[PDB]
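Structure 1 and structure 2 below are two forms of the same protein chain, each written out on its own as structure tokens.
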Structure 1
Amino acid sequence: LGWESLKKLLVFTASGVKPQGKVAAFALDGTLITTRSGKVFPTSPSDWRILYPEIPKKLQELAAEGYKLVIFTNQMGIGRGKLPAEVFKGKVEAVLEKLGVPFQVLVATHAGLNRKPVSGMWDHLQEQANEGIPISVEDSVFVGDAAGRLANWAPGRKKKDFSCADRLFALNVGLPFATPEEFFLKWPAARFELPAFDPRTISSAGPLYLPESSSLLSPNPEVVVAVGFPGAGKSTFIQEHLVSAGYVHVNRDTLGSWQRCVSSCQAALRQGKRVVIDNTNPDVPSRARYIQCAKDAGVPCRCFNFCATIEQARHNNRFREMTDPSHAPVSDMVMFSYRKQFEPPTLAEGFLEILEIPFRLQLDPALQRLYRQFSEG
């Protein structure tokens, strides 16, 4: 009955829970419990057991030491319709009954802000569900099994962890982190792996384009060819810096073909205007084409080569999915098609210069903070 149904979040606060200035927090599935059957997922609402015999006594000690006991569980099956919320609620209370200590439980029912590794659930714990008492991150701890451990991190553990979301949730918040085996059983630290792209490296500063000695626009007409992955932030950059400066905007998600596109470039160049071709432009054929309009009109031609890697683009796309309900998702399939076809632009196709456009932070402090969070386990 201590349940709160919020948007894309469920919170249970057991009788006996008090706010505290430090937290011991756990994932649920694969950390505090596992299936009795051995299946990844429970055959029934009754298909669970406490993961290790040592857990209840550990939790009792933590509580005596003044730790608020908390669960951060990803349960996207509820948002996906696979698992009824009331069934889960019943399961959580029975678990808690068995664990024998007061817990507060936060449940990420959906994709996005609250789904580990993104720190939505921590921020809710802190801002909304700890009665205003500041939590010391350094004195707290997060324990979870989605820890990005390598295959054979232990005997029988022949496959790497399905996910790194638990470790990364801790990394996003700054929480000391352990796996269930390291924490409850005092096993040695297992080897693990983090995603290649680390959003904490994303900088807001830095030059806008390269070389820093050249100049973004020119006073005279010219054709600018944009190159970059889908979701790389091309269109946003172009509106901000070119269209607002007087360049004609040519775009292929809007038009619908490359004929529609080239004739706009020729047109606009007759109209004494400046054109920018805002599409992927993965390969030599695509770009030579717009290079030909430039040479037709006796105008220079440049390339804006967006440096965004595939993981930076994917990251950008998740950030937009999370913060903008109108943003159309840019699917991976579409990412791989570009990559499969990509070949770098070279001065030898006929560019006066190629500009490199670095990937940087696109804006409110809370959204910056969100942007440099790991967002995929």
Structure 2
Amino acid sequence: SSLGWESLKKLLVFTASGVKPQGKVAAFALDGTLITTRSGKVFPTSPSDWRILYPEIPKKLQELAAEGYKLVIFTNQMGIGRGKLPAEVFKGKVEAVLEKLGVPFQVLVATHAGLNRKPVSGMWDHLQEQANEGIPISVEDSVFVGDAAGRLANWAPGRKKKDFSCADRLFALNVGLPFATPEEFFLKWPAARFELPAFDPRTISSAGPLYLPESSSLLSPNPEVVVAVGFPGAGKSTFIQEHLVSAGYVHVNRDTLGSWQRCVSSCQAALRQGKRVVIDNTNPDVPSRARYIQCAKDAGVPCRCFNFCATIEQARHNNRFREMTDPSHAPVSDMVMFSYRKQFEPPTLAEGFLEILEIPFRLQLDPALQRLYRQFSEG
């Protein structure tokens, strides 16, 4: 009898009869890799809407098992976490697929966004640390096979669409696994052309200066207004807390003050009191920023802009990292991200700023969290 299903926080694991721990793994995505629709539709019409993708598949799997590879599936199924796909039904579909494939598999299912969702390596770490009886797995001798491979359109007849995702290729990259597409692997087709995301989080450094120009000072001894600018999730608020509010700057958040009449009133009152003020908002465009410049000008104090360099990709990456690691994080919607980008006009001295400091996007974190930060986290 099979050890069967285990249900964890944001993970399902199935261990078939005959699964043995091994020092090397041949791992597979499920949908689009081992199976596709029987119906010939892009998306399955029922739980039973599947067939084995290529008849070459079972033979390769038998060869792999005979060579000592532990056969494993790593499948994203966020429809389960979203409530659109019942777990108990998906479990049944998997068991039927495994029956048809005719070999013992261990299956890991990422039901939610976060640490377990490919390309993040959570499922690999669960396999290694919890589900392989303490046997170290040689990543160099293993392989991951999947269809979310970032391929350009037309790698084969009837593939006018590029891959929906690069999550499978990126999962392999994060873990250090050799990677192949189903057609490369099962069919021995030549390598398909693919693209990787433009932002590579492995390139993120703690290095470099905190701000530029370095000859400048983050603080002023006299009243002033600092206007922060940068994507939400860029880490503006954390920076502003650490360096300005800790130094006694009055924190101004337009969102929470109600009107402008009140935001500018707050600013003006702080300035009369001999205080320095920081505007901690996205402030993407000239009109957003002009209200604070005018406030400063009226009070006769300098206005400076702190321009956070994070790109949209870096911001979204940071947002996903914080969602996975920080229980106080307010998740930023893609709606607000792309909205900001639409509105963004870079700050210039012409608007009326005394100076503009650039704040490079830099790695802030426990060593483990640093390893996690350098993982691609979206396909």
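If you superpose the two forms and keep the largest set of C-alpha atoms that fall within 1.5 Å, you have the rigid core. Quick note, the numbers are simply positions in structure 1, starting from 1.
- Shift analysis on the rigid core between structures 1 and 2 singles out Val224 from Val105, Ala146, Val224, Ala108 (C-alpha displacement of 2 Å or more).
- With the core held fixed between structures 1 and 2, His124 has its Cα displaced by under 2 Å.
- Here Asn281 counts as shifted, since its C-alpha moves by at least 2 Å between structures 1 and 2 after the core is aligned.
- Remark: with the core as the superposition reference, the CA shift of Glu343 between structures 1 and 2 reaches 2 Å or more.
- Once the core of the two forms is superposed, the Cα of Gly256 has moved 4.2 Å between structures 1 and 2.
- In the rigid-core superposition between structures 1 and 2, residue position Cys303 carries a C-alpha shift of 3.0 Å.
- Here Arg372 exhibits a Cα shift of 0.9 Å between structures 1 and 2, evaluated on the superposed rigid core.
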